[PDB]
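*Asks:* Enclosed is the structure file start25.cif (mmCIF, C-alpha atoms).
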data_data
#
loop_
_atom_site.label_atom_id
_atom_site.label_comp_id
_atom_site.auth_asym_id
_atom_site.auth_seq_id
_atom_site.Cartn_x
_atom_site.Cartn_y
_atom_site.Cartn_z
CA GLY A 380 9.30 -26.15 -88.20
CA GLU A 381 11.67 -29.18 -88.49
CA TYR A 382 13.14 -28.52 -84.97
CA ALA A 383 9.65 -28.42 -83.29
CA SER A 384 8.69 -31.81 -84.94
CA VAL A 385 11.45 -33.75 -83.03
CA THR A 386 9.52 -34.75 -79.84
CA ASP A 387 11.04 -38.29 -79.25
CA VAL A 388 14.83 -37.60 -79.39
CA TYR A 389 15.96 -41.20 -78.56
CA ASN A 390 13.85 -42.68 -81.43
CA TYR A 391 14.70 -39.81 -83.88
CA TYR A 392 18.52 -40.02 -83.37
CA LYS A 393 18.56 -43.93 -83.23
CA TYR A 394 20.25 -43.60 -79.77
CA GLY A 395 20.86 -47.37 -79.33
CA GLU A 396 22.67 -47.60 -82.72
CA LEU A 397 24.60 -44.37 -81.90
CA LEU A 398 26.19 -45.95 -78.74
CA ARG A 399 26.49 -49.57 -80.14
CA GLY A 400 23.76 -50.61 -77.65
CA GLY A 401 23.16 -54.39 -77.45
CA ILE A 402 26.66 -55.00 -79.04
CA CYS A 403 29.37 -53.31 -76.84
CA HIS A 404 27.25 -50.88 -74.69
CA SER A 405 25.19 -52.30 -71.74
CA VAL A 406 25.95 -56.02 -72.55
CA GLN A 407 27.00 -59.13 -70.56
CA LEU A 408 30.78 -59.89 -70.57
CA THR A 409 30.50 -63.13 -72.67
CA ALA A 410 28.56 -61.11 -75.36
CA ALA A 411 31.13 -58.21 -75.29
CA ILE A 412 34.03 -60.67 -75.92
CA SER A 413 32.14 -62.76 -78.60
CA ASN A 414 31.08 -59.53 -80.44
CA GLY A 415 34.76 -58.39 -80.80
CA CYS A 416 34.45 -55.36 -78.41
CA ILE A 417 37.88 -56.08 -76.76
CA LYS A 418 40.73 -55.99 -79.33
CA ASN A 419 44.18 -57.50 -78.60
CA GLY A 420 46.24 -55.87 -81.45
CA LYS A 421 48.87 -53.03 -81.42
CA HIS A 422 47.65 -49.36 -81.58
CA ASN A 423 44.54 -50.22 -79.44
CA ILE A 424 42.47 -47.28 -77.99
CA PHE A 425 40.33 -48.79 -75.14
CA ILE A 426 37.20 -46.70 -74.27
CA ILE A 427 35.69 -47.10 -70.73
CA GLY A 428 32.83 -45.33 -68.87
CA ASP A 429 29.10 -44.51 -69.14
CA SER A 430 26.96 -43.34 -72.15
CA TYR A 431 29.15 -40.15 -72.38
CA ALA A 432 32.12 -42.53 -73.08
CA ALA A 433 30.04 -44.59 -75.59
CA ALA A 434 29.19 -41.29 -77.44
CA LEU A 435 32.96 -40.85 -78.22
CA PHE A 436 33.02 -44.00 -80.47
CA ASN A 437 31.46 -42.35 -83.59
CA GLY A 438 33.91 -39.39 -83.74
CA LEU A 439 37.02 -41.51 -83.02
CA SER A 440 35.98 -44.09 -85.71
CA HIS A 441 35.40 -41.22 -88.22
CA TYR A 442 38.82 -39.63 -87.41
CA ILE A 443 40.69 -42.98 -87.89
CA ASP A 444 38.82 -43.74 -91.19
CA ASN A 445 39.41 -40.18 -92.62
CA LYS A 446 43.19 -40.27 -91.75
CA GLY A 447 43.69 -43.88 -93.06
CA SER A 448 45.15 -44.67 -89.59
CA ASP A 449 46.06 -48.25 -88.44
CA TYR A 450 44.68 -47.54 -84.89
CA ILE A 451 41.84 -49.85 -83.60
CA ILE A 452 39.07 -49.31 -80.98
CA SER A 453 37.95 -51.39 -77.94
CA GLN A 454 34.80 -50.41 -75.96
CA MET A 455 33.49 -51.41 -72.48
CA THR A 456 30.71 -48.90 -71.60
CA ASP A 457 27.31 -49.12 -69.81
CA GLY A 458 24.57 -46.53 -69.12
CA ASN A 459 24.79 -45.10 -65.56
CA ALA A 460 28.21 -46.82 -65.00
CA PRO A 461 31.03 -44.20 -64.85
CA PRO A 462 34.67 -45.48 -64.63
CA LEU A 463 34.48 -44.77 -60.81
CA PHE A 464 34.21 -47.40 -58.01
CA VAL A 465 30.87 -46.09 -56.54
CA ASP A 466 28.33 -48.53 -54.96
CA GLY A 467 25.46 -47.89 -57.43
CA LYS A 468 23.56 -49.80 -60.15
CA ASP A 469 23.67 -49.45 -63.97
CA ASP A 470 20.56 -49.27 -66.24
CA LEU A 471 20.28 -53.16 -66.04
CA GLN A 472 20.46 -53.09 -62.16
CA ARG A 473 24.05 -54.58 -62.17
CA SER A 474 26.78 -53.46 -59.68
CA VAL A 475 28.89 -50.50 -61.03
CA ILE A 476 31.81 -51.83 -58.86
CA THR A 477 31.57 -55.33 -60.51
CA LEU A 478 31.43 -53.72 -64.02
CA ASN A 479 34.62 -51.68 -63.28
CA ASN A 480 36.41 -54.80 -61.86
CA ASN A 481 35.67 -56.53 -65.25
CA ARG A 482 36.94 -53.44 -67.24
CA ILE A 483 40.29 -53.46 -65.28
CA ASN A 484 40.63 -57.26 -65.89
CA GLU A 485 40.22 -56.85 -69.72
CA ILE A 486 42.72 -53.88 -69.77
CA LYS A 487 45.17 -56.21 -67.90
CA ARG A 488 44.58 -59.00 -70.51
CA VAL A 489 45.23 -56.90 -73.68
CA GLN A 490 47.73 -54.15 -72.49
CA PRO A 491 46.24 -51.39 -74.74
CA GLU A 492 48.38 -48.46 -76.05
CA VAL A 493 45.71 -45.93 -74.82
CA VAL A 494 42.87 -46.04 -72.22
CA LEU A 495 40.30 -43.29 -73.04
CA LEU A 496 37.74 -42.42 -70.29
CA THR A 497 34.94 -39.93 -69.46
CA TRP A 498 31.59 -39.79 -67.60
CA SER A 499 28.46 -37.69 -66.91
CA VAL A 500 29.72 -35.44 -64.05
CA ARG A 501 26.13 -34.66 -62.81
CA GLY A 502 24.85 -38.26 -63.37
CA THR A 503 23.18 -40.52 -60.73
CA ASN A 504 26.39 -42.54 -59.94
CA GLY A 505 28.83 -39.62 -60.37
CA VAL A 506 30.60 -37.91 -57.43
CA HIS A 507 29.15 -34.35 -56.85
CA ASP A 508 31.95 -32.94 -54.62
CA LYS A 509 34.78 -31.95 -57.07
CA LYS A 510 37.66 -32.86 -54.61
CA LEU A 511 36.05 -36.26 -53.76
CA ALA A 512 35.58 -36.81 -57.58
CA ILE A 513 39.40 -36.34 -58.15
CA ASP A 514 40.05 -38.82 -55.25
CA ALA A 515 37.66 -41.37 -56.88
CA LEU A 516 39.38 -40.93 -60.31
CA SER A 517 42.81 -41.43 -58.58
CA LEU A 518 41.66 -44.95 -57.43
CA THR A 519 40.75 -45.91 -61.08
CA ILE A 520 44.08 -44.46 -62.40
CA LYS A 521 46.15 -46.51 -59.86
CA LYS A 522 44.28 -49.74 -60.89
CA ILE A 523 44.93 -49.07 -64.64
CA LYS A 524 48.67 -48.31 -64.02
CA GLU A 525 49.10 -51.54 -61.94
CA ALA A 526 47.28 -53.66 -64.63
CA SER A 527 48.96 -52.13 -67.74
CA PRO A 528 52.02 -50.01 -66.81
CA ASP A 529 52.81 -48.77 -70.40
CA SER A 530 49.21 -47.61 -71.24
CA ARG A 531 48.72 -43.83 -71.83
CA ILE A 532 45.63 -42.77 -69.78
CA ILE A 533 43.56 -39.90 -71.34
CA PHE A 534 40.56 -38.26 -69.56
CA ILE A 535 38.36 -36.40 -72.12
CA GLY A 536 36.50 -33.89 -69.92
CA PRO A 537 32.80 -32.93 -69.71
CA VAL A 538 30.96 -31.91 -72.93
CA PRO A 539 28.62 -28.85 -72.93
CA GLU A 540 25.14 -29.38 -71.41
CA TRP A 541 21.85 -27.56 -72.16
CA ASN A 542 18.85 -26.80 -69.88
CA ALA A 543 16.52 -29.05 -71.98
CA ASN A 544 17.02 -31.28 -75.07
CA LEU A 545 19.16 -29.14 -77.48
CA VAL A 546 16.56 -29.57 -80.33
CA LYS A 547 13.87 -28.18 -77.92
CA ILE A 548 16.14 -25.24 -76.85
CA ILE A 549 16.57 -24.33 -80.60
CA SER A 550 12.73 -24.70 -81.15
CA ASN A 551 12.18 -22.40 -78.10
CA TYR A 552 14.58 -19.72 -79.55
CA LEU A 553 12.67 -19.79 -82.92
CA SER A 554 9.25 -19.50 -81.09
CA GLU A 555 10.46 -16.53 -78.93
CA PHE A 556 12.44 -14.46 -81.52
CA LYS A 557 11.33 -15.85 -85.00
CA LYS A 558 15.06 -15.84 -85.92
CA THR A 559 17.53 -18.76 -86.34
CA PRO A 560 20.01 -18.72 -83.39
CA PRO A 561 23.76 -18.13 -83.85
CA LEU A 562 26.03 -21.18 -84.45
CA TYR A 563 27.63 -20.67 -80.95
CA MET A 564 25.26 -19.51 -78.14
CA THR A 565 24.75 -19.15 -74.35
CA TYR A 566 20.86 -19.23 -74.61
CA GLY A 567 19.81 -22.38 -72.67
CA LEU A 568 23.46 -23.33 -71.77
CA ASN A 569 24.11 -24.92 -68.31
CA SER A 570 26.56 -22.68 -66.30
CA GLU A 571 28.06 -25.47 -64.07
CA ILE A 572 29.93 -27.45 -66.78
CA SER A 573 32.58 -24.69 -67.40
CA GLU A 574 33.38 -24.84 -63.61
CA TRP A 575 33.93 -28.66 -63.77
CA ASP A 576 36.11 -28.26 -66.93
CA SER A 577 38.27 -25.51 -65.24
CA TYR A 578 38.70 -27.62 -62.02
CA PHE A 579 39.81 -30.71 -64.05
CA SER A 580 42.13 -28.60 -66.34
CA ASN A 581 43.92 -27.37 -63.13
CA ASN A 582 44.04 -30.69 -61.17
CA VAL A 583 44.05 -33.75 -63.57
CA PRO A 584 47.55 -33.21 -65.13
CA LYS A 585 49.10 -33.34 -61.56
CA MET A 586 47.63 -36.92 -61.19
CA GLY A 587 50.10 -38.32 -63.82
CA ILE A 588 47.61 -38.71 -66.74
CA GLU A 589 46.56 -36.61 -69.81
CA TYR A 590 43.52 -34.23 -69.84
CA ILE A 591 41.71 -33.15 -73.08
CA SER A 592 39.11 -30.33 -72.73
CA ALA A 593 36.03 -31.30 -74.83
CA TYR A 594 34.40 -28.08 -73.49
CA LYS A 595 37.14 -25.78 -74.95
CA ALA A 596 37.01 -27.79 -78.28
CA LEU A 597 33.19 -27.15 -78.59
CA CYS A 598 32.96 -23.60 -77.02
CA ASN A 599 34.38 -20.07 -77.60
CA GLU A 600 33.70 -16.48 -76.33
CA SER A 601 30.20 -16.61 -78.05
CA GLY A 602 29.08 -19.82 -76.20
CA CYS A 603 28.94 -23.51 -77.25
CA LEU A 604 28.43 -25.09 -80.72
CA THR A 605 24.74 -25.86 -81.52
CA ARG A 606 25.11 -27.35 -85.05
CA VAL A 607 27.32 -27.96 -88.15
CA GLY A 608 24.47 -27.42 -90.71
CA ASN A 609 20.80 -26.34 -91.16
CA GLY A 610 18.26 -28.57 -89.34
CA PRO A 611 17.87 -31.23 -86.62
CA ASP A 612 20.14 -33.78 -88.42
CA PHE A 613 23.19 -31.44 -87.87
CA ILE A 614 22.83 -30.42 -84.16
CA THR A 615 25.58 -31.48 -81.66
CA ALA A 616 23.52 -33.23 -78.85
CA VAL A 617 20.68 -35.85 -78.81
CA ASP A 618 19.32 -34.59 -75.43
CA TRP A 619 20.85 -32.18 -72.82
CA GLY A 620 24.39 -33.50 -73.61
CA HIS A 621 24.91 -36.98 -75.27
CA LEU A 622 26.80 -36.25 -78.57
CA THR A 623 25.12 -36.86 -81.96
CA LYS A 624 27.27 -38.36 -84.78
CA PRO A 625 27.92 -34.79 -86.15
CA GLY A 626 28.83 -33.55 -82.60
CA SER A 627 31.19 -36.51 -81.94
CA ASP A 628 32.78 -36.10 -85.45
CA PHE A 629 33.40 -32.32 -84.82
CA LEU A 630 34.97 -33.00 -81.36
CA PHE A 631 37.44 -35.63 -82.78
CA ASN A 632 38.25 -33.40 -85.84
CA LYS A 633 39.55 -30.93 -83.12
CA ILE A 634 41.18 -33.37 -80.56
CA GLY A 635 42.12 -36.52 -82.58
CA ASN A 636 45.75 -35.34 -83.14
CA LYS A 637 46.22 -35.16 -79.28
CA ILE A 638 45.51 -38.98 -79.16
CA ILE A 639 47.08 -40.24 -82.47
CA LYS A 640 50.42 -38.35 -82.98
#
What would the structure in this file look like if it were written as structure tokens?
*Replies:*
Amino acid sequence: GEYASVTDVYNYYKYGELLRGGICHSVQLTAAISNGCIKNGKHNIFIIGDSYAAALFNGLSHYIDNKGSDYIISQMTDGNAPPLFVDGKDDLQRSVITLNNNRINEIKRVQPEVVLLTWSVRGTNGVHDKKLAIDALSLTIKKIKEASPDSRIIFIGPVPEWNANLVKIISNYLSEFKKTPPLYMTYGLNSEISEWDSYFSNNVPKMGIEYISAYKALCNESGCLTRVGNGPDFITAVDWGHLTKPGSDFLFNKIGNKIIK
């Protein structure tokens, strides 16, 4: 039905608009500053990382607007550029190390109240060995603390991932069983992400920063959240894992009060 008709997920979900592509996501530094992506006011929440970090913007914006909060949002994100100093290239063939040097320099300039970070743990320029990944994050943490000693640093952990595009997993369930799946499910759910979330829950707080489990916010004993309504416009992920607007909104409804007291 409606789920089977979504065959081009990036066009259907307006994926560029979702991440603020061409404005704050995957842009040159002079464009980022001119477009107002780096705020200098009080109560500034400064997002850094790859497209998983960009996907947080919608839910945080919605939480602030719904609460009538005076908090503001900065964003320096780029596809295939985690907030880790790894010698790889982003989607525009730029140096991931150069991009992270520029992010640290802007954090130093504006002294934000909060730095909010995440990445795609299985992505091209991620770090696959969990212990070496903690060591790489420790280098970023030390640079942020030196640049802006009063900033709170918050790592929002990995979101749930699926074995194909989530809309295709739901279409597959309907074709096999001719029944709508449950709201929370393990059908088509990737088993590795829970292991990353558990490792970070145990080890990140000892590094002198805050950890928020996105996985525990979106998952329960029945599995992980597929949707907040009937049809493709209400599912939680664009592809295997990048949050839709409804997915991002649900996450921040759950975790926003851990960021804004």
*Asks:* With all atoms listed in the file as the basis for distance, which of A:496, A:397, A:604, A:465 is at the shortest distance from residue A:427?
*Replies:* A:496
*Asks:* Between A:628, A:576, A:555, A:612, which is the closest to residue A:391 once you count all atoms listed in the file?
*Replies:*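 Nearest candidate to residue A:391 out of A:628, A:576, A:555, A:612: A:612.
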*Asks:* Using the chain letters and numbering of this document, enumerate as a JSON list (two decimals) with C-alpha atoms, in the frame of the given file the residues selected by the PyMOL selection byres ((chain A and resi 448-456) around 8).
*Replies:*
[["chain", "number", "residue", "atom", "x", "y", "z"],
["A", 403, "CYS", "CA", 29.37, -53.31, -76.84],
["A", 404, "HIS", "CA", 27.25, -50.88, -74.69],
["A", 405, "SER", "CA", 25.19, -52.30, -71.74],
["A", 411, "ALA", "CA", 31.13, -58.21, -75.29],
["A", 416, "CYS", "CA", 34.45, -55.36, -78.41],
["A", 417, "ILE", "CA", 37.88, -56.08, -76.76],
["A", 418, "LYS", "CA", 40.73, -55.99, -79.33],
["A", 420, "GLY", "CA", 46.24, -55.87, -81.45],
["A", 421, "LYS", "CA", 48.87, -53.03, -81.42],
["A", 422, "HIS", "CA", 47.65, -49.36, -81.58],
["A", 423, "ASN", "CA", 44.54, -50.22, -79.44],
["A", 424, "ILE", "CA", 42.47, -47.28, -77.99],
["A", 425, "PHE", "CA", 40.33, -48.79, -75.14],
["A", 426, "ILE", "CA", 37.20, -46.70, -74.27],
["A", 427, "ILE", "CA", 35.69, -47.10, -70.73],
["A", 428, "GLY", "CA", 32.83, -45.33, -68.87],
["A", 429, "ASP", "CA", 29.10, -44.51, -69.14],
["A", 430, "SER", "CA", 26.96, -43.34, -72.15],
["A", 432, "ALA", "CA", 32.12, -42.53, -73.08],
["A", 433, "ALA", "CA", 30.04, -44.59, -75.59],
["A", 440, "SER", "CA", 35.98, -44.09, -85.71],
["A", 443, "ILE", "CA", 40.69, -42.98, -87.89],
["A", 444, "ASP", "CA", 38.82, -43.74, -91.19],
["A", 445, "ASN", "CA", 39.41, -40.18, -92.62],
["A", 446, "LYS", "CA", 43.19, -40.27, -91.75],
["A", 447, "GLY", "CA", 43.69, -43.88, -93.06],
["A", 457, "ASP", "CA", 27.31, -49.12, -69.81],
["A", 458, "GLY", "CA", 24.57, -46.53, -69.12],
["A", 460, "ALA", "CA", 28.21, -46.82, -65.00],
["A", 482, "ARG", "CA", 36.94, -53.44, -67.24]]
*Asks:* List, as a ChimeraX atom specification, every residue that the PyMOL selection byres ((chain A and resi 603) around 7) selects in the file provided.
*Replies:* /A:539,563-565,597-599,602,604-605
*Asks:* Could you jot down the atom CA of residue A:631 to atom CA of residue A:442 separation for me, Å, one decimal place?
*Replies:*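 Interatomic distance, atom CA of residue A:631 to atom CA of residue A:442: 6.3 Å.
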*Asks:* Would you mind exporting stretch 610-634 of chain A with N, CA and C atoms, as a JSON list (two decimals), in the first residue's frame?
*Replies:*
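Heads up, here's the output in result15.json:
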[["chain", "number", "residue", "atom", "x", "y", "z"],
["A", 610, "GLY", "N", 1.00, 5.22, 8.77],
["A", 610, "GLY", "CA", 1.48, 5.52, 7.41],
["A", 610, "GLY", "C", 2.92, 6.03, 7.37],
["A", 611, "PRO", "N", 3.50, 6.08, 6.15],
["A", 611, "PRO", "CA", 4.91, 6.46, 5.99],
["A", 611, "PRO", "C", 5.29, 7.85, 6.54],
["A", 612, "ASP", "N", 4.34, 8.77, 6.65],
["A", 612, "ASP", "CA", 4.67, 10.13, 7.15],
["A", 612, "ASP", "C", 4.98, 10.12, 8.66],
["A", 613, "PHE", "N", 4.70, 9.02, 9.37],
["A", 613, "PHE", "CA", 4.80, 8.95, 10.85],
["A", 613, "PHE", "C", 5.86, 7.96, 11.32],
["A", 614, "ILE", "N", 6.62, 7.33, 10.41],
["A", 614, "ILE", "CA", 7.70, 6.39, 10.84],
["A", 614, "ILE", "C", 8.88, 7.19, 11.43],
["A", 615, "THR", "N", 9.79, 6.49, 12.12],
["A", 615, "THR", "CA", 10.85, 7.14, 12.93],
["A", 615, "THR", "C", 12.18, 7.36, 12.18],
["A", 616, "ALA", "N", 12.43, 6.65, 11.06],
["A", 616, "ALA", "CA", 13.71, 6.72, 10.32],
["A", 616, "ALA", "C", 13.46, 6.86, 8.82],
["A", 617, "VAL", "N", 14.27, 7.71, 8.18],
["A", 617, "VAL", "CA", 14.26, 7.95, 6.70],
["A", 617, "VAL", "C", 14.77, 6.71, 5.95],
["A", 618, "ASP", "N", 15.84, 6.12, 6.48],
["A", 618, "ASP", "CA", 16.59, 5.00, 5.86],
["A", 618, "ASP", "C", 16.79, 3.94, 6.95],
["A", 619, "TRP", "N", 17.97, 3.35, 7.06],
["A", 619, "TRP", "CA", 18.28, 2.38, 8.14],
["A", 619, "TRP", "C", 18.33, 3.06, 9.51],
["A", 620, "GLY", "N", 18.46, 4.39, 9.60],
["A", 620, "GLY", "CA", 18.71, 5.01, 10.92],
["A", 620, "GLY", "C", 18.58, 6.53, 11.05],
["A", 621, "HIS", "N", 18.76, 7.32, 10.00],
["A", 621, "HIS", "CA", 18.66, 8.81, 10.12],
["A", 621, "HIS", "C", 17.22, 9.18, 10.56],
["A", 622, "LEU", "N", 17.07, 9.95, 11.65],
["A", 622, "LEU", "CA", 15.72, 10.24, 12.21],
["A", 622, "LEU", "C", 14.88, 11.12, 11.28],
["A", 623, "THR", "N", 13.62, 10.74, 11.07],
["A", 623, "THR", "CA", 12.59, 11.64, 10.48],
["A", 623, "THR", "C", 12.27, 12.77, 11.47],
["A", 624, "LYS", "N", 11.49, 13.75, 11.03],
["A", 624, "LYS", "CA", 11.00, 14.81, 11.96],
["A", 624, "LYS", "C", 10.18, 14.17, 13.08],
["A", 625, "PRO", "N", 9.19, 13.27, 12.81],
["A", 625, "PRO", "CA", 8.49, 12.62, 13.93],
["A", 625, "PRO", "C", 9.40, 11.82, 14.88],
["A", 626, "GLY", "N", 10.41, 11.12, 14.35],
["A", 626, "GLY", "CA", 11.38, 10.36, 15.18],
["A", 626, "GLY", "C", 12.19, 11.29, 16.08],
["A", 627, "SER", "N", 12.74, 12.36, 15.50],
["A", 627, "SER", "CA", 13.55, 13.37, 16.24],
["A", 627, "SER", "C", 12.67, 14.04, 17.31],
["A", 628, "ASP", "N", 11.45, 14.43, 16.96],
["A", 628, "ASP", "CA", 10.49, 15.05, 17.92],
["A", 628, "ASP", "C", 10.24, 14.09, 19.10],
["A", 629, "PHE", "N", 9.96, 12.81, 18.84],
["A", 629, "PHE", "CA", 9.70, 11.81, 19.91],
["A", 629, "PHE", "C", 10.92, 11.71, 20.84],
["A", 630, "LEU", "N", 12.12, 11.57, 20.26],
["A", 630, "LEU", "CA", 13.37, 11.44, 21.05],
["A", 630, "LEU", "C", 13.48, 12.62, 22.02],
["A", 631, "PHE", "N", 13.35, 13.86, 21.53],
["A", 631, "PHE", "CA", 13.55, 15.07, 22.37],
["A", 631, "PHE", "C", 12.37, 15.28, 23.34],
["A", 632, "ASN", "N", 11.17, 14.80, 23.03],
["A", 632, "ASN", "CA", 10.06, 14.78, 24.02],
["A", 632, "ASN", "C", 10.53, 13.98, 25.25],
["A", 633, "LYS", "N", 11.28, 12.89, 25.03],
["A", 633, "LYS", "CA", 11.79, 11.98, 26.10],
["A", 633, "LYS", "C", 13.02, 12.56, 26.81],
["A", 634, "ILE", "N", 13.99, 13.14, 26.09],
["A", 634, "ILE", "CA", 15.34, 13.48, 26.65],
["A", 634, "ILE", "C", 15.55, 14.99, 26.82]]
